[PDB]
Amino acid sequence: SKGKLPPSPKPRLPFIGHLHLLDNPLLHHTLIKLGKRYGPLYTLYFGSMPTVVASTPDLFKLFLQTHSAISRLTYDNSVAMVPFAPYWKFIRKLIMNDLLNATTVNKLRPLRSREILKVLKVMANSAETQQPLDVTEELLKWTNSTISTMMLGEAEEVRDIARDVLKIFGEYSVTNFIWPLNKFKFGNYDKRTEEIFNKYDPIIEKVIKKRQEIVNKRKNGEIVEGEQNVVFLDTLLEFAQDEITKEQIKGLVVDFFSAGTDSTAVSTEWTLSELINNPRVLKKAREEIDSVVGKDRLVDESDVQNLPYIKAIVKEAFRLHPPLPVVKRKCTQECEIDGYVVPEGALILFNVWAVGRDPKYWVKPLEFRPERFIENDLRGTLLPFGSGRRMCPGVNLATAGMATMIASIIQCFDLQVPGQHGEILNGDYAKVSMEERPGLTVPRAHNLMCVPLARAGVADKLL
C-alpha cells in the first residue's frame, strides 16, 4: 500500500493534464512508448480525469476482481446494458428459467448459413467478371444483415431496417474522431439525414407487430405458413406477457443493434488480410479444410470445432489486430492495484494491443504464426461467467460465425490483389497494406479490394 497513484509522466498541465502528450491518433502506439518508461501501470490525466493504463494480463485480472467489482464496462456500446439496464432483468429471468439458452442461438444457424452463402455468391460473380470486389463493404453488409435477420427475420421490412441501421451507423461513424461521439455537435443535420432517422421507429414498430401476430398464432395453436424460421425476437415476445412493455422491447432491439457488430467485420478483414500476406498459413488452412470438410460440400458452422488451425488463425489475428486495441473500463470505487491507489471514477485503459505484441508473452510476436496456439471463445472476455455470452447471437457471429465465413471464403476462392496499373499483383507483390485507421474500433486504413478466383472444382461442386 503505497498510498499513491501509479506513476505519471511530466509535465501535468492545469486544465488539459497530459492530453498534450497524446500526439498520435493511434493512441495505443503512444501508450506503448509511455509504458516503456513508466512501466506496466501508469497514470495519465485526461483533462482533470485520472486515467490508469495497464499493459499486462495480470493487471487486467486485478481490475476484474471483487471488492462489487472495482471496475465496470463503459457505455461506449450497449453491452453495459446487460448488468445495468433494468429492463434487461427480463432477459435474465428467461435465462435462469431455461427459456433462453444456447439452443436458441444454435437454431438460428440456417439463417446464418444463408447470409454466408449470399457473400460467396457475390464473390462468385466477381470471379466471373474478374472485377475487383470491395470486401470491406461486403463484410459490413454481411454482419449488419446477419444481425438483423437473426433478430427480426427474412421479411422485406427487415431488409429495409437493415439498410436504415447501416445508414445510421454511417452517421455515427462520421461523428468519430478517435473515439465515437467526440466531435459531435448539436446541429440540424439535413433532409437527407433526417429521413434516415425518421424511418427507424415506424419500421421497427411494424416488424414487432408482424412478429407478435406470428407468436400469437403459434401460441393459440393456429397453423402458420410462409416463413417457418423462428427469429430471436419471437422468443422475447412469447414470454413478454406471461402471468415488459412495447417500449422496453424496442429498447432491447436498440441494444441488440449497437453492441459492436462492426467488430466482427473488422476482425474478419484483418484475418483475411493476414492470410493474403502469409501464403504459408493460407496453404495450410486450405489443406485442413480439404482434409476435414472436403471439396464436395461447403464448410458448415458445425465443422469449426474440427478445424483447429482455422480457429488458431482467428486467435492469431485477434492477438495482432484486436478490433479494440485499447479496452476502456471505469473504476467503481477506490481500490488498490499492485500497491497503487486507483481513484473512484478513474478511466481504466487496457492496452490489449500492446500485450498482443509483447515478446514477454509471445515468441517472435510480429510473426503471424497460428502454430503458437497449437504447438503448446475461439478468439483467445472480461464479463463474468453467467453474463449471457452463450445466449447471444452476436457473440456467436463474432466467433463461430466469423470462423465459418473465413473458412468458406478460402475453401472456394483464391484472393487476388489488384494493382495500380492494369495488373494483378503476384506473388511477392501480392500483399495488402496493414496500416491502421484511428478509431475506438481500429480497422485497416485501406479497404480490402480483391479479385476472387474460383478454385478448381468449386463452381460446379459448391456454388
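A residue's number is simply how far along the shown sequence it sits, counting from 1.
In this entry, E243 and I244 are separated by 4 to 9 residues of the deposited sequence that lack coordinates. In terms of unmodelled positions of the deposited sequence, the chain runs continuously from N188 to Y189 in this entry. Comparing 334 to 342 with 314 to 322, the stretch with the higher mean C-alpha B-factor in the PDB entry is 334 to 342.
Of the two segments, 81 to 89 and 170 to 178, the one listed with the higher mean B-factor is 170 to 178 (C-alpha atoms only). When the C-alpha B factors of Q65, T30, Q411, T399 are read from the deposited coordinates, the top value falls at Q65.
Going by the entry's values, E375 shows the largest Cα B-factor out of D358, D290, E375, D76.
In the PDB entry, a CA B factor belonging to the lowest third of its chain's modelled residues is recorded for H18.
When the modelled residues of the chain are ordered by their C-alpha B factor, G422 lands in the highest third. Among all modelled residues in this chain, the alpha-carbon of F60 has a temperature factor (C-alpha) in the middle third. Among the modelled residues of its chain, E371 has a C-alpha B-factor that falls in the middle third, as given in the PDB entry.
In the deposited entry, the Cα temperature factor of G380 places it in the highest third of its chain's modelled residues.
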